[PDB]
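Trainee: My questions all concern the structure below.
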Amino acid sequence: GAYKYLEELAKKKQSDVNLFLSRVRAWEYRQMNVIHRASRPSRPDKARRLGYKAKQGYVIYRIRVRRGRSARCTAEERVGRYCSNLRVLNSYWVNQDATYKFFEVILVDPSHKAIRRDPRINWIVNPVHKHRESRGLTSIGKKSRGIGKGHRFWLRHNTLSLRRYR
Amino acid sequence: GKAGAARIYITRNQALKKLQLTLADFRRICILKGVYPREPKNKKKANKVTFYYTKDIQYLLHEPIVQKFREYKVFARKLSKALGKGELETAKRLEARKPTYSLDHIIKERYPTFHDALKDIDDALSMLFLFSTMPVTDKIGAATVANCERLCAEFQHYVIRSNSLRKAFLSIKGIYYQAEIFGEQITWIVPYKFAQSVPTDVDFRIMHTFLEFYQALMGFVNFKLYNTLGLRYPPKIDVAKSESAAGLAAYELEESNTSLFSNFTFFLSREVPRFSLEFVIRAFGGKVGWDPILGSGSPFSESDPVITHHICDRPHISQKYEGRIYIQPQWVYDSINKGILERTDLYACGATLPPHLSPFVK
Amino acid sequence: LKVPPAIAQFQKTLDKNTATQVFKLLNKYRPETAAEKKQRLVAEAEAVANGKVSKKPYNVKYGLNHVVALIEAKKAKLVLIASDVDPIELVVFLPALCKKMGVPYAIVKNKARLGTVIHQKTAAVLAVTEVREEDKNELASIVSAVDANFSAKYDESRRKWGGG
Amino acid sequence: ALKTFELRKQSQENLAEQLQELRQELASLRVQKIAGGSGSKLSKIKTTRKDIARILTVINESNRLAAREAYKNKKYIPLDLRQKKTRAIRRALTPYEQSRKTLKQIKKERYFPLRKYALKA
RNA sequence: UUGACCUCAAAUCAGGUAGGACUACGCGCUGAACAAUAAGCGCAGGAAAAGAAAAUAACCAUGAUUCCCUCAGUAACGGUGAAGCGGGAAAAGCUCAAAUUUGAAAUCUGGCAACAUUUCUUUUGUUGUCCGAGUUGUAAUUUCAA
RNA sequence: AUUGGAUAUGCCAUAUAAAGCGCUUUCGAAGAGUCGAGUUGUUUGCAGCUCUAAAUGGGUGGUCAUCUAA
RNA sequence: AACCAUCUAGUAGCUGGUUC
RNA sequence: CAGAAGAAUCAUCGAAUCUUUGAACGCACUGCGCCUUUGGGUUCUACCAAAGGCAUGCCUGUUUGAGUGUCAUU
């Protein structure tokens, strides 16, 4: 397959090929809008493993945020507000420079029939997933609030529990 | 400025903008349907150029002709796309399923009654007759020419069977035939069979659209006339007879002074326009015979002595027979127009042709 | 600007004559259309519905994952890479993978032209794996032409940073 | 007071012809009552307002029923001839697409469904 | 040139969808004073969140999450203050990315036409056909327990 | 009256199919501006900034055990 | 500068009161 | 009080109706409009009245046209 080569090339982010493409595309993305639609993901390997399928109902959006809260968390929220009818699936890092960090956000149309008839993404149609990025339910949102398993990661200790027979 | 005479008339660009149709499409819609320019009384006030009533533009907004034209154009682009991509099967299959159109709604709207269509069929009959002899060209359609010729033949057969023809005049341009159908008077001009050439000066697209509308009106009129008279619409046509230039003999009128020359067996040689002579004789109830060179399927032959009058424009008759004295087409045309048989001796071969009086001239 | 050698190599494409001859062979091995496939299958359906064994099909191979797997298996005789893939890193390794596997490869123009062979809008790479015995000499002549007009040519140019 | 039973077996044009005759009659009684109206006038108004309402109902009932029949077996119909329920119910997954499963899951429930069993004590 | 592809736009074009309100409980962000404190802002549901171990342990080992009891006012820290084990309530497991279907994109939306179906003339589908999506990858298959 | 899961039974069933178990002279892909390092702030976690990986590797524990993140 | 709502039952060694 | 004699200032409730605003949506916020259709009328080309519509962001598709595009193009 070609996603093995694409994903091992994405680890050498400052190599000659990757550095030239980082600087060429960073200039191109700056001429576009702050949030602009992407015809296809700039990282087809990374979007594919984050839940993206090349089918109707899946949308890729690019957004630049200023460097200097989590940068990826704000990209998910800003795009979610821009496309209020879509559900933010996931997001990832595509490019950066001295000023901006560029992210691509995967959104899913909960009203398209190709989404509502697909059991593997049928879950995002339910109302409990309205604005997942707004409640810290995405991948970076969950990581932001320290959700995980282990010792590395209140109300039930500030209350007096008085039983009936005590 | 925004009201009154200015709103009364709509400019050609304004009417096209309201209908969202191109100039060629608007012209085709105007020709197919009923729309004519209407010059307002106050041209300066009407402009706040060609002027049209807003009622016609309002009606044409919902006309399906524009939608059908877009579908044909859209399908044509898709057919071109398939040819360029190299998939010939897709283009060939899409050719069969290409869009079409129907003029039944337009004909009913333009002519609510058959009387109005019959009264307005004089131009349609003339256009069909003119296009029945024109050579096939790229601009014209071979199938359309065949359909126009078949429609003209069916109309001639129906007129001959019903004896609706009243006057026949021989003009320089062609043969002018006047007939009365359902009270209405229809005049048609049949051009002579000559080696003409395309003037290359008139618009072929407009003429083709007018011919297509005329053919549709003629076909609807023929079907109504056949149903009223009991004839089968369309009449049966013999392929072998058509390939033999039998003329109206191929079109069988199968059932589903009208006797001026009834007691006469006219015969025509290969020197006169027997296409119009046979129709006139058939419309008069008589029997018309033609030479084998002119066509096949002739009921009579040259050697047959049963022919009372032999039509021949040639000045010499080496094989002249007895009882078949030569006559000229002018006498037949004069007899048909006047309703009384003319003098065969006066219009005999080698004699001065009497002047032809126009029946339409009063 | 200055471009790396792995991206600079895509500006040196196959010449017009060799590319035109390449697509003459490719157009003999187009995959059957969705309509032609349905016609063939329904024809066999009637032979089953009423009452009643073939040869292996022949077509050009397409798809990026499919073609890369064929090169790694050394099943591809000729690999034709589009010159204008929108993310260039999709095919930026293909010339190197084809060099490592000994696969005759060429960079042709207009990824749209590649897609037209396979009845698609767009193809990133086409690969001819194995053709009929009639076209063995035609493919062999093309592979020799690609060797001279693409591999023998350039080559020293593909190791240099382009642009600037 | 006219009954709805015999107000539903006539055509709309004559049914609408009963609208205005009741309309001026109601309007006339208001003219009488402002110049002196008895208790019957108050009731005659009260009877005729409900009487106007009764015939207005059968005009609107039949007009909608005509629209429902016309838009039968059509994919898209006007918003008026549609379910209301609640906004969230109209957005929920239909029972058909809630029951969709992958072919992997179909093979699970076909060969290994939850069996019905019991334990002997 | 025709013509494909990529763009960039347009349409009172077709079908959709978001806003506002409530906010006891819930999940984020932010924040003083006398502490995830009130407030402030953002977002849900009938529950939410969490969730099938990059988890504990040092045993004869345990086995997603959540809640209760206990551990325990203990370790640790500098008065704050857990957790493992243990006892209960409830229990259910799974889905992708990374493999060539390559002897056949096997996948999907929509238009149209019929046929059904209904909490329902209001709902939800089926079959056929055409168009589009899709090879820059849609199905089947696989998820480490393999 | 509207419904749910079963039972019984008629019809239909695209099974040339699809599974579990068993056996191997054949194979077995595992998520990166992340992990991690330095440093600066918020309340160890989190966040910014600079740098930036590996492949029996990596994480967390007591050579060993356990787990398999992004 | 003013006004309003909440934190608040904020802070009291001190003042007054504290029931047959 | 009054009022009707399937009555009721009744209950149930699956059908209809539901004025102006308000997330409030043609522009405005009183008014001023746009397009289309329909009709008036004794004032019929037009005018007038009414009705139907006319917010924004975004998703899927449809149609149309541009390009400084890639080619194709003997």
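Trainee: Output the number of the condition that B:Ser276 fails; it satisfies all remaining conditions of (1) in contact with a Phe, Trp or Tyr (Cβ under 9 Å, 6 or more places away or on another chain); (2) closer than 29 Å to B:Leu231 by Cα; (3) assigned to a loop (DSSP other than H, G, I, E, B).
Mentor: B:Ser276 satisfies all of (1) in contact with a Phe, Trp or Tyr (Cβ under 9 Å, 6 or more places away or on another chain); (2) closer than 29 Å to B:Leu231 by Cα; (3) assigned to a loop (DSSP other than H, G, I, E, B) except (3).
Trainee: Would you mind telling me which numbered condition in (1) more than 14 Å from chain C (Cβ to nearest Cβ); (2) surrounded by 20 or more Cβ atoms within 10 Å (Cβ to Cβ) A:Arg69 fails?
Mentor: (2)
Trainee: From (1) surrounded by fewer than 16 Cβ atoms within 10 Å (Cβ to Cβ); (2) away from chain D (no Cβ under 11 Å), pick out the condition that doesn't hold for A:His112.
Mentor: Failed condition: (1).
Trainee: Does any residue of the stretch A:128-143 turn out to be within 14 Å of another protein chain (Cβ to nearest Cβ) and surrounded by 13 or more Cβ atoms within 10 Å (Cβ to Cβ)?
Mentor: There is at least one residue in the stretch A:128-143 that is within 14 Å of another protein chain (Cβ to nearest Cβ) and surrounded by 13 or more Cβ atoms within 10 Å (Cβ to Cβ).
Trainee: Only one of A:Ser22, A:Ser39, A:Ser15 is more than 9 Å from RNA strand F (Cβ to nearest atom) and polar (S, T, N, Q); which?
Mentor: Residue meeting the stated conditions: A:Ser39.
Trainee: Please name all residue pairs, on different chains or six or more residues apart, with Cβ atoms under 7 Å, provided the first residue is in the stretch D:1-21 and is surrounded by fewer than 10 Cβ atoms within 10 Å (Cβ to Cβ) and the second residue is not hydrophobic (A, V, I, L, M, F, W, C).
Mentor: Within 7 Å, the pairs are D:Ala1/D:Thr47; D:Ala1/D:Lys50; D:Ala1/D:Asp51.
Trainee: Turning to a different aspect of this structure: Taking the criterion of being more than 12 Å from RNA strand F (Cβ to nearest atom) and small (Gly, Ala, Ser), would at least one residue in the stretch A:43-61 satisfy it?
Mentor: Yes.
Trainee: Follow-up. For A:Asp118, work out the one condition from (1) within 16 Å of RNA strand F (Cβ to nearest atom); (2) assigned to a loop (DSSP other than H, G, I, E, B); (3) touching a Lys or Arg at 6+ places or on another chain (Cβ under 9 Å) it doesn't fulfil.
Mentor: Unmet for A:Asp118, out of (1) within 16 Å of RNA strand F (Cβ to nearest atom); (2) assigned to a loop (DSSP other than H, G, I, E, B); (3) touching a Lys or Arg at 6+ places or on another chain (Cβ under 9 Å): (1).
Trainee: Which one of A:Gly136, A:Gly146 is within 13 Å of RNA strand F (Cβ to nearest atom) and under 12 Å from A:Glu77 (Cα atoms)?
Mentor: A:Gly136
Trainee: Can you list the helices (runs of 4 or more DSSP H) lying wholly within the stretch A:1-52 that have 2 or more residues being among the basic types (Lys, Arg) and either away from RNA strand H (no atom under 16 Å from the Cβ) or more than 12 Å from every other protein chain (Cβ to nearest Cβ) (or both)?
Mentor: Hits in the stretch A:1-52: A:16-31, A:44-49.
Trainee: Return the residues of the stretch B:113-159 that are under 15 Å from B:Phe213 (Cβ atoms) and acidic (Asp, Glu); say none if nothing qualifies.
Mentor: Once the filter is applied, which keeps residues that are under 15 Å from B:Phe213 (Cβ atoms) and acidic (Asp, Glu), the stretch B:113-159 yields B:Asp116, B:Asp120, B:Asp122, B:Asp123.
Trainee: Related question: In the stretch B:86-101, which residue that is within 12 Å of chain C (Cβ to nearest Cβ) and surrounded by 14 or more Cβ atoms within 10 Å (Cβ to Cβ) is farthest from C:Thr33 (Cα to Cα)?
Mentor: B:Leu94
Trainee: Of all residues in the stretch C:1-23, count the ones that are among the hydrophobic types (A, V, I, L, M, F, W, C), assigned to a helix (DSSP H, G or I) and more than 8 Å from chain A (Cβ to nearest Cβ).
Mentor: Within the stretch C:1-23, residues that are among the hydrophobic types (A, V, I, L, M, F, W, C), assigned to a helix (DSSP H, G or I) and more than 8 Å from chain A (Cβ to nearest Cβ) number 5.
Trainee: Enumerate the helices (runs of 4 or more DSSP H) found wholly within the stretch D:10-106, keeping only those where 1 or more residues are under 30 Å from A:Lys113 (Cα atoms) and over 19 Å from the mean Cα position of the chain (by Cα).
Mentor: D:87-91, D:95-98
Trainee: Also: Evaluate the stretch A:98-108: report whether one residue or more is among the small types (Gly, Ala, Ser) and either part of a strand (DSSP E or B) or closer than 22 Å to A:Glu28 by Cα (or both).
Mentor: The answer is yes; a qualifying residue exists.
Trainee: For the stretch B:246-259, enumerate the residues that are surrounded by fewer than 20 Cβ atoms within 10 Å (Cβ to Cβ), closer than 29 Å to B:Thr344 by Cα and not β-branched (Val, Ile, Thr).
Mentor: Matches in the stretch B:246-259: B:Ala246, B:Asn257, B:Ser259.
Trainee: Among the candidates D:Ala92, D:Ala88, D:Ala67, single out the residue that is among the small types (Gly, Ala, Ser), surrounded by 11 or more Cβ atoms within 10 Å (Cβ to Cβ) and within 11 Å of another protein chain (Cβ to nearest Cβ).
Mentor: Exactly one of D:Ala92, D:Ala88, D:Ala67 is among the small types (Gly, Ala, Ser), surrounded by 11 or more Cβ atoms within 10 Å (Cβ to Cβ) and within 11 Å of another protein chain (Cβ to nearest Cβ), namely D:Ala92.
Trainee: Does the stretch B:141-149 contain any residue that is surrounded by 12 or more Cβ atoms within 10 Å (Cβ to Cβ), part of a helix (DSSP H, G or I), more than 16 Å from RNA strand E (Cβ to nearest atom) and charged (D, E, K, R)?
Mentor: yes
Trainee: Within the stretch B:19-32, can one find any residue that is of a type in the set (A, V, I, L, M, F, W, C), out of contact with any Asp or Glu (no Cβ under 8 Å at 6 or more places or on another chain) and over 25 Å from B:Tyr214 (Cα atoms)?
Mentor: no
The rows are residues; the columns are (1) surrounded by 21 or more Cβ atoms within 10 Å (Cβ to Cβ); (2) more than 14 Å from every other protein chain (Cβ to nearest Cβ); (3) touching a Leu at 6+ places or on another chain (Cβ under 8 Å).
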| residue | (1), (2), (3) |
| --- | --- |
| C:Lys74 | no, yes, no |
| C:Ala82 | yes, no, yes |
| C:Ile88 | no, no, yes |
| C:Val92 | yes, no, yes |
| C:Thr122 | no, no, yes |
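A quick note on method: Cβ atoms are made from the backbone with ideal geometry, for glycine too, and the neighbour counts reach across all protein chains shown. Quick note: the coordinates plus some simple rules give every number you see, no bench work behind them.
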